[PDB]
Amino acid sequence: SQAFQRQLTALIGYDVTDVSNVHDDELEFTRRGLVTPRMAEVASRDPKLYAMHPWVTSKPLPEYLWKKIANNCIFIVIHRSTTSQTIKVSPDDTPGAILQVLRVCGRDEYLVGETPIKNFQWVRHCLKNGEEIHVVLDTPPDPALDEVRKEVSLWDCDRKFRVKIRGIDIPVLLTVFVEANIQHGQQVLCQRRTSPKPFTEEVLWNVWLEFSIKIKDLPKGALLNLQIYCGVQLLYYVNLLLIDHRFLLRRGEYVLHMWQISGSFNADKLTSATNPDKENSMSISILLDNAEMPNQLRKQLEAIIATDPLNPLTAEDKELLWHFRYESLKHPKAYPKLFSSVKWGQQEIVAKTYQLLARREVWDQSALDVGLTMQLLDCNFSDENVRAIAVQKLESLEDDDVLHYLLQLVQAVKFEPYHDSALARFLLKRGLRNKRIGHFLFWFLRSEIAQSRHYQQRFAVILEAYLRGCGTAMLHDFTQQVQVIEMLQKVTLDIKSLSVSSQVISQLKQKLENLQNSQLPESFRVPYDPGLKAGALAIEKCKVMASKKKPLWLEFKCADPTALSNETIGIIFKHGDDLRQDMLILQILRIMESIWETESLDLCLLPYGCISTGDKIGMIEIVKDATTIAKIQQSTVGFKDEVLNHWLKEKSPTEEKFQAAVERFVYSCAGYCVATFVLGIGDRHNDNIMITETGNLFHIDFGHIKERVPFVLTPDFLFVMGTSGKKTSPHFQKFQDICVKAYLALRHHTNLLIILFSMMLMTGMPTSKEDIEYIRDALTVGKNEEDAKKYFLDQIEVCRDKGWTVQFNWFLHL
Ligand SMILES: C[C@H](Nc1ncnc2[nH]cnc12)c1cc2cccc(Cl)c2nc1-c1cccc(F)c1
């Protein structure tokens with residue numbers, strides 16, 4: 001039965017049994033460790049609701065979706081074979097009560113379980129778009145299809161820490177030296193260097209570097225960071241956990257293959273993986289052989305505790321937090337700063353910190369704050385006990401909320417010192433309790449496994465463990481999806497080599513037909529929208545873009561005869577862009593939408609599906625009935641203020657729907673102006689901005705990132721609102737209205753956005769402190785509501801002063 005592992009390997013894209021690039025058994029130990037959590041979740045998941053995976057939420061239905069309901073009545077069409085009967089229902093009615101199993105027409109999605117109909121996400125999607133709810137009375141799918149295949153005390157050691165640097169070796173290439181840091185978090189506890197030697201293919205020192213920290217004082221999670229400098233500049237780094245996965249001090253002989261720089265806060269610097277490219281890479285050879293507080297002080301403490309996660313703590317600040325430890329422990333918000341005040345290189349202090357962690361009643365009772373929780377999972381905390389109280393708060397997240405934060409919870413595994421962590425186990429568990437979570441976990445993990453040498457090993461092990469409990473059907477499903485993207489990526493990569501396009505449109509359609517009759521299956525799940533199953537290509541409709549990167553525009557029939565639309569499923573396949581950056585930005589746009597929802601604001605963003613599948617390669621969802629702003633301008637002029645406004649007119653049939661497009665545009669434009677300004681990606685050329693035929697503006701192509709402009713509010717955009725250089729219409733006054741409310745609604749979650757932005761830069765954008773601290777300024781940290789309002793409207797006006805000037809400057813450049 002070893003062909004089951006051979007399968008797993010294929011689904012993963014990496015061989016987890018391979019021990020060709022290890023120097024201990026941490027990886028294998030983690031495989032065995034993950035068995036128990038897997039089975040606990042497997043054995044306790046409800047077979048029925050696992051099969052139907054109701055996508056559901058406990059959040060209230062917002063004001064904007066209440067005022068679309070006809071007096072406590074919502075209509076639901078029901079279909080049998082050629083039947084279409086229409087039942088009246090109240091929002092509070094259950095799938096039990098409305099039944100006089102309802103599956104959604106066209107989709108692999110179910111309205112089942114003890115939930116009111118207003119709390120299913122598919123229902124809310126229908127109310128939002130103005131659409132009506134269509135269902136079939138189907139049999140429940142068989143849970144048997146989901147069957148899972150049958151399976152000296154260290155504190156008595158006063159001697160100083162030392163490491164022997166024997167030397168470095170490189171096959172091919174002034175002078176060079178080795179720096180050896182004892183690190184915890186991004187914090188250097190102790191640092192020693194060698195003397196400089198000439199930089200030859202082999203350099204030997206044969207020297208003991210004796211550190212000032214005692215062996216009894218090395219905290220668990222401490223890394224020996226070995227770096228190589230020339231002159232100075234950093235050229236190579238590698239890490240080694242000083243305390244291993246069995247709580248044993250690391251001992252003996254090491255030859256570690258190192259990573260090279262160029263291609264500084266970057267998550268790759270932290271990895272404990274060695275370079276597997278044994279043949280080209282630099283190696284290093286080492287030997288380990290070993291009353292209560294008064295008023296002004298409270299106010300000073302409260303001011304420290306109130307500051308944003310990127311406000312630096314002085315030595316003075318840290319000393320106050322530590323001395324007033326127990327007062328600080330009463331404020332959940334103090335936690336990141338308090339634990340950044342611990343001297344982790346002193347055992348007796350660490351011990352006190354653990355006694356502090358045992359008194360966390362207020363923490364245990366606090367309401368879940370995701371922003372505060374994520375801060376404890378970032379690069380500044382390497383202690384397992386601190387990180388675990390963060391994961392403990394995650395456990396109360398309902399499934400709707402896991403999905404919102406999933407991409408960034410997977411990225412934050414990169415800040416774990418060990419492969420087996422409470423965070424890895426939380427992701428395993430939540431993924432096996434819910435198919436939608438599991439589907440996306442598969443692809444987020446696979447995305448990293450296929451292109452990150454620094455972390456593929458760790459992520460591979462987590463994914464295997466997921467796959468061994470997701471059950472036979474999901475396995476079949478995953479296999480099918482992977483086969484299709486490998487076929488389609490091949491075709492994408494081949495067409496590209498044949499570089500508008502004449503004999504290429506011939507070649508493309510030949511190859512598609514060739515795949516259609518031969519390799520491509522009956523049907524497959526769309527990776528970015530797991531409820532849709534695509535069938536056979538519409539070869540007629542597929543094309544390649546007049547473009548440097550030559551992406552494929554592909555269109556598919558729907559495999560599901562119960563579907564009530566004729567619409568096709570459109571997927572773009574592209575090589576050339578780093579789509580990891582796009583995934584992170586689009587997910588942050590979804591988080592921004594859910595923030596706005598909490599304050600009854602809809603800004604109609606359009607965060608389309610995107611999945612990185614490999615090195616500079618992946619897929620993008622085709623938004624139907626949409627074109628670019630640049631193209632709309634080419635059409636009428638060959639820049640003019642009015643062309644967008646009457647493009648919108650000629651697509652709207654009735655005056656009823658035109659005005660609807662204009663308002664939808666005012667909202668859309670508001671959302672993207674605020675969102676892009678906060679993320680510092682607002683200055684775009686307008687062939688990276690799109691609009692639907694129904695007025696929904698949306699930015700695209702985020703994985704790319706002179707005079708400046710904060711965002712895009714051009715005269716064509718302004719003209720749709722009714723403003724001509726220096727005027728102010730009703731619709732423009734409303735745009736300002738919405739921008740201001742949207743901006744202030746994001747500032748109420750300042751800490752959350754700062755941590756997500758920080759993490760984003762570090763794990764998906766090869767970064768300095770200067771880069772990270774943009775969003776502080778963008779969110780006008782420290783300022784009041786009225787002063788922030790003035791800031792943003794000044795930005796709105798900075799766009800007005802420039803009209804077309806950056807657009808044209810882009811025109812010349814590009
Ligand atoms: C720029 C435009 N982008 C998107 N179009 C539709 N949905 C999307 N989702 C994300 N990006 C797009 C686009 C991408 C293409 C990719 C491959 C092949 C072709 Cl022919 C592409 N064409 C466009 C495009 C360009 C102008 C107008 C238009 F409707 C589409």
# chains A, B, ... in the order shown; residues from 1 in each chain; ligands from 1
>>> residues_near_ligand(ligand="ligand 1", cutoff="7 Å", atoms="only C-alpha atoms and all ligand atoms", output="JSON, numbers by chain")
{"A": [543, 544, 545, 546, 550, 551, 552, 553, 572, 608, 620, 621, 622, 623, 624, 626, 627, 628, 631, 687, 688, 700, 701]}
>>> write_last_selection(atoms="C-alpha atoms", output="mmCIF file, in the first residue's frame")
data_model
loop_
_atom_site.group_PDB
_atom_site.id
_atom_site.type_symbol
_atom_site.label_atom_id
_atom_site.label_comp_id
_atom_site.auth_asym_id
_atom_site.auth_seq_id
_atom_site.Cartn_x
_atom_site.Cartn_y
_atom_site.Cartn_z
ATOM 1 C CA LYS A 543 -7.850 33.538 -26.272
ATOM 2 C CA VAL A 544 -4.427 35.041 -25.398
ATOM 3 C CA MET A 545 -3.968 38.707 -24.428
ATOM 4 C CA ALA A 546 -2.171 41.205 -26.634
ATOM 5 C CA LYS A 550 0.662 36.372 -22.801
ATOM 6 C CA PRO A 551 -1.856 35.114 -20.215
ATOM 7 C CA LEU A 552 -4.614 32.708 -21.329
ATOM 8 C CA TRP A 553 -8.263 33.674 -21.110
ATOM 9 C CA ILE A 572 -7.263 33.497 -16.472
ATOM 10 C CA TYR A 608 -11.982 38.387 -7.317
ATOM 11 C CA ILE A 620 -7.355 34.600 -11.730
ATOM 12 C CA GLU A 621 -11.189 34.702 -11.764
ATOM 13 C CA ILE A 622 -12.735 36.357 -14.843
ATOM 14 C CA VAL A 623 -15.186 39.042 -13.756
ATOM 15 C CA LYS A 624 -17.913 38.903 -16.429
ATOM 16 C CA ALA A 626 -16.175 44.108 -17.409
ATOM 17 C CA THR A 627 -13.636 46.213 -19.290
ATOM 18 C CA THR A 628 -10.735 48.538 -18.437
ATOM 19 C CA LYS A 631 -9.996 50.655 -23.121
ATOM 20 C CA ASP A 687 -5.251 49.888 -17.542
ATOM 21 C CA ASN A 688 -5.087 48.336 -14.057
ATOM 22 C CA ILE A 700 -6.619 44.554 -10.634
ATOM 23 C CA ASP A 701 -2.982 43.384 -11.102
#
>>> residues_around(residues="region 136-150 of chain A", least_positions_apart="5", cutoff="10 Å", atoms="only C-alpha atoms", output="MDAnalysis selection string")
chainID A and resid 4 39 42:43 46:52 77:81 83:84 99 101:106 110 112 467:475 562
>>> closest_residue(among="A:718, A:232, A:367, A:610", to="residue 703 (chain A)", atoms="only C-alpha atoms")
A:610
>>> residues_around(residues="residue 243 (chain A)", least_positions_apart="5", cutoff="8 Å", atoms="only C-alpha atoms", output="PDB file with C-alpha atoms, in the first residue's frame")
ATOM      1  CA  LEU A 218      19.241  29.760  26.778  1.00  0.00           C
ATOM      2  CA  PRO A 219      15.445  29.956  26.378  1.00  0.00           C
ATOM      3  CA  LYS A 220      13.560  27.353  24.366  1.00  0.00           C
ATOM      4  CA  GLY A 221      13.144  28.501  20.769  1.00  0.00           C
ATOM      5  CA  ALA A 222      16.521  30.263  20.791  1.00  0.00           C
ATOM      6  CA  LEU A 248      17.527  18.618  24.461  1.00  0.00           C
ATOM      7  CA  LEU A 249      20.461  21.007  24.000  1.00  0.00           C
ATOM      8  CA  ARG A 250      21.931  20.662  20.535  1.00  0.00           C
TER       9      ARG A 250
END
>>> residues_around(residues="residue 199 (chain A)", least_positions_apart="3", cutoff="9 Å", atoms="only C-alpha atoms", output="list in words")
residues 173, 174, 175, 176, 177, 196, 202, 203 and 230 of chain A
>>> write_last_selection(atoms="C-alpha atoms", output="PDB file, in the first residue's frame")
ATOM      1  CA  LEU A 173      33.341  32.538  -6.238  1.00  0.00           C
ATOM      2  CA  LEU A 174      38.548  40.807  -0.570  1.00  0.00           C
ATOM      3  CA  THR A 175      38.003  39.320   2.958  1.00  0.00           C
ATOM      4  CA  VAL A 176      35.292  37.579   5.013  1.00  0.00           C
ATOM      5  CA  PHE A 177      34.160  36.814   8.586  1.00  0.00           C
ATOM      6  CA  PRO A 196      38.557  38.438   9.048  1.00  0.00           C
ATOM      7  CA  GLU A 202      37.773  27.215   1.563  1.00  0.00           C
ATOM      8  CA  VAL A 203      38.343  29.300   4.720  1.00  0.00           C
ATOM      9  CA  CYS A 230      32.425  40.405   3.268  1.00  0.00           C
TER      10      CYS A 230
END
>>> residues_around(residues="residue 647 (chain A)", least_positions_apart="6", cutoff="10 Å", atoms="only C-alpha atoms", output="PyMOL selection string")
chain A and resi 632-633+635-636+693+695
>>> closest_residue(among="A:685, A:436, A:359, A:160", to="residue 56 (chain A)", atoms="only C-alpha atoms")
A:436
>>> closest_residue(among="A:362, A:554, A:485, A:8", to="residue 611 (chain A)", atoms="only C-alpha atoms")
A:485
>>> atom_distance(atom1="CA of residue 213 (chain A)", atom2="CA of residue 180 (chain A)")
13.0 Å
>>> select_by_dssp(residues="region 418-478 of chain A", states="alpha helix (DSSP H)", output="ChimeraX atom specification")
/A:422-433,435-449,456-467,472-478
>>> write_last_selection(atoms="C-alpha atoms", output="JSON list (two decimals), in the first residue's frame")
[["chain", "number", "residue", "atom", "x", "y", "z"],
["A", 422, "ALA", "CA", -0.30, 24.92, 18.53],
["A", 423, "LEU", "CA", -0.95, 27.12, 15.46],
["A", 424, "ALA", "CA", -0.22, 24.30, 12.97],
["A", 425, "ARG", "CA", -2.58, 22.08, 14.98],
["A", 426, "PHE", "CA", -5.32, 24.69, 15.06],
["A", 427, "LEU", "CA", -5.16, 24.90, 11.23],
["A", 428, "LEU", "CA", -5.19, 21.09, 10.92],
["A", 429, "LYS", "CA", -8.24, 20.81, 13.18],
["A", 430, "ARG", "CA", -10.35, 23.59, 11.64],
["A", 431, "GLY", "CA", -9.58, 22.28, 8.19],
["A", 432, "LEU", "CA", -10.82, 18.78, 8.98],
["A", 433, "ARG", "CA", -13.98, 20.00, 10.79],
["A", 435, "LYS", "CA", -14.60, 21.16, 3.85],
["A", 436, "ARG", "CA", -14.54, 24.81, 2.76],
["A", 437, "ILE", "CA", -11.73, 25.54, 5.24],
["A", 438, "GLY", "CA", -9.92, 22.33, 4.16],
["A", 439, "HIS", "CA", -10.19, 23.15, 0.46],
["A", 440, "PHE", "CA", -8.54, 26.53, 0.88],
["A", 441, "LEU", "CA", -5.95, 25.25, 3.38],
["A", 442, "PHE", "CA", -4.87, 22.71, 0.71],
["A", 443, "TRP", "CA", -4.19, 25.44, -1.83],
["A", 444, "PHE", "CA", -2.66, 27.99, 0.50],
["A", 445, "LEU", "CA", -0.28, 25.31, 1.82],
["A", 446, "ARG", "CA", 0.36, 24.00, -1.72],
["A", 447, "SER", "CA", 1.11, 27.51, -2.97],
["A", 448, "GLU", "CA", 4.01, 27.79, -0.52],
["A", 449, "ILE", "CA", 5.18, 24.17, -0.91],
["A", 456, "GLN", "CA", 8.18, 23.78, 1.85],
["A", 457, "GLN", "CA", 9.32, 21.02, 4.28],
["A", 458, "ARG", "CA", 7.27, 22.29, 7.21],
["A", 459, "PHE", "CA", 4.22, 23.09, 5.09],
["A", 460, "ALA", "CA", 4.45, 19.66, 3.30],
["A", 461, "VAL", "CA", 4.19, 17.87, 6.65],
["A", 462, "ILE", "CA", 1.15, 19.89, 7.73],
["A", 463, "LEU", "CA", -0.56, 19.20, 4.37],
["A", 464, "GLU", "CA", 0.07, 15.43, 4.49],
["A", 465, "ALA", "CA", -1.51, 15.36, 7.92],
["A", 466, "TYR", "CA", -4.55, 17.24, 6.51],
["A", 467, "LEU", "CA", -4.83, 14.93, 3.52],
["A", 472, "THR", "CA", -11.58, 9.69, 0.04],
["A", 473, "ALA", "CA", -13.88, 12.10, -1.84],
["A", 474, "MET", "CA", -11.87, 15.27, -1.15],
["A", 475, "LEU", "CA", -8.74, 13.31, -2.14],
["A", 476, "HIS", "CA", -10.35, 12.33, -5.47],
["A", 477, "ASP", "CA", -11.50, 15.89, -5.87],
["A", 478, "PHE", "CA", -8.03, 17.36, -5.14]]
>>> atom_distance(atom1="CA of residue 747 (chain A)", atom2="CA of residue 788 (chain A)")
9.2 Å
>>> closest_residue(among="A:314, A:328, A:795, A:751", to="residue 710 (chain A)", atoms="only C-alpha atoms")
A:795
>>> residues_around(residues="residue 806 (chain A)", least_positions_apart="5", cutoff="8 Å", atoms="only C-alpha atoms", output="PDB file with C-alpha atoms, in the first residue's frame")
ATOM      1  CA  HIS A 685      -2.257  53.595 -14.395  1.00  0.00           C
ATOM      2  CA  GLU A 707       5.209  62.851  -9.384  1.00  0.00           C
ATOM      3  CA  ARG A 708       2.671  61.178  -7.133  1.00  0.00           C
ATOM      4  CA  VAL A 709      -1.054  61.015  -6.372  1.00  0.00           C
TER       5      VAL A 709
END
>>> closest_atom_pairs(of="region 95-190 of chain A", to="region 370-393 of chain A", cutoff="10 Å", atoms="only C-alpha atoms", output="JSON lines")
{"residue": "A:183", "atom": "CA", "partner": "A:382", "partner_atom": "CA", "distance": 9.6}
{"residue": "A:184", "atom": "CA", "partner": "A:382", "partner_atom": "CA", "distance": 6.2}
{"residue": "A:185", "atom": "CA", "partner": "A:380", "partner_atom": "CA", "distance": 4.6}
{"residue": "A:186", "atom": "CA", "partner": "A:380", "partner_atom": "CA", "distance": 5.8}
{"residue": "A:187", "atom": "CA", "partner": "A:380", "partner_atom": "CA", "distance": 7.8}
>>> write_last_selection(atoms="N, CA, C and O atoms", output="mmCIF file, in the first residue's frame")
data_model
loop_
_atom_site.group_PDB
_atom_site.id
_atom_site.type_symbol
_atom_site.label_atom_id
_atom_site.label_comp_id
_atom_site.auth_asym_id
_atom_site.auth_seq_id
_atom_site.Cartn_x
_atom_site.Cartn_y
_atom_site.Cartn_z
ATOM 1 N N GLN A 183 19.717 34.307 19.045
ATOM 2 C CA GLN A 183 18.537 35.096 18.728
ATOM 3 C C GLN A 183 17.291 34.542 19.376
ATOM 4 O O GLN A 183 17.134 33.329 19.481
ATOM 5 N N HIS A 184 16.397 35.442 19.777
ATOM 6 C CA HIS A 184 15.084 35.058 20.270
ATOM 7 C C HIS A 184 14.102 36.119 19.833
ATOM 8 O O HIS A 184 14.235 37.293 20.192
ATOM 9 N N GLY A 185 13.121 35.720 19.035
ATOM 10 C CA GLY A 185 12.332 36.689 18.282
ATOM 11 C C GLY A 185 13.239 37.253 17.201
ATOM 12 O O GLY A 185 14.043 36.539 16.606
ATOM 13 N N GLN A 186 13.116 38.544 16.959
ATOM 14 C CA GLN A 186 14.070 39.263 16.129
ATOM 15 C C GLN A 186 15.107 39.924 17.034
ATOM 16 O O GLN A 186 15.783 40.866 16.631
ATOM 17 N N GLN A 187 15.212 39.434 18.269
ATOM 18 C CA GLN A 187 16.062 40.044 19.277
ATOM 19 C C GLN A 187 17.368 39.226 19.404
ATOM 20 O O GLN A 187 17.348 38.011 19.536
#
>>> closest_residue(among="A:496, A:525, A:31, A:88", to="residue 560 (chain A)", atoms="only C-alpha atoms")
A:525
>>> decode(residues="region 47-61 of chain A", atoms="C-alpha atoms", output="compact mmCIF listing (two decimals), in the first residue's frame")
# COMPACT_ATOMS: atom_id res chain seq x y z
CA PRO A 47 -20.55 12.80 9.27
CA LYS A 48 -23.72 14.44 7.90
CA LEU A 49 -22.81 18.13 8.13
CA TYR A 50 -19.25 17.29 7.10
CA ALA A 51 -20.77 16.02 3.84
CA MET A 52 -23.08 19.00 3.24
CA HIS A 53 -20.75 21.66 4.74
CA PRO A 54 -23.34 24.35 5.28
CA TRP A 55 -21.65 27.72 4.78
CA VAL A 56 -23.11 29.73 7.57
CA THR A 57 -22.59 32.68 9.92
CA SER A 58 -23.73 34.01 13.32
CA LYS A 59 -23.31 37.69 12.42
CA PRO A 60 -26.53 39.76 12.27
CA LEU A 61 -28.02 40.59 8.86
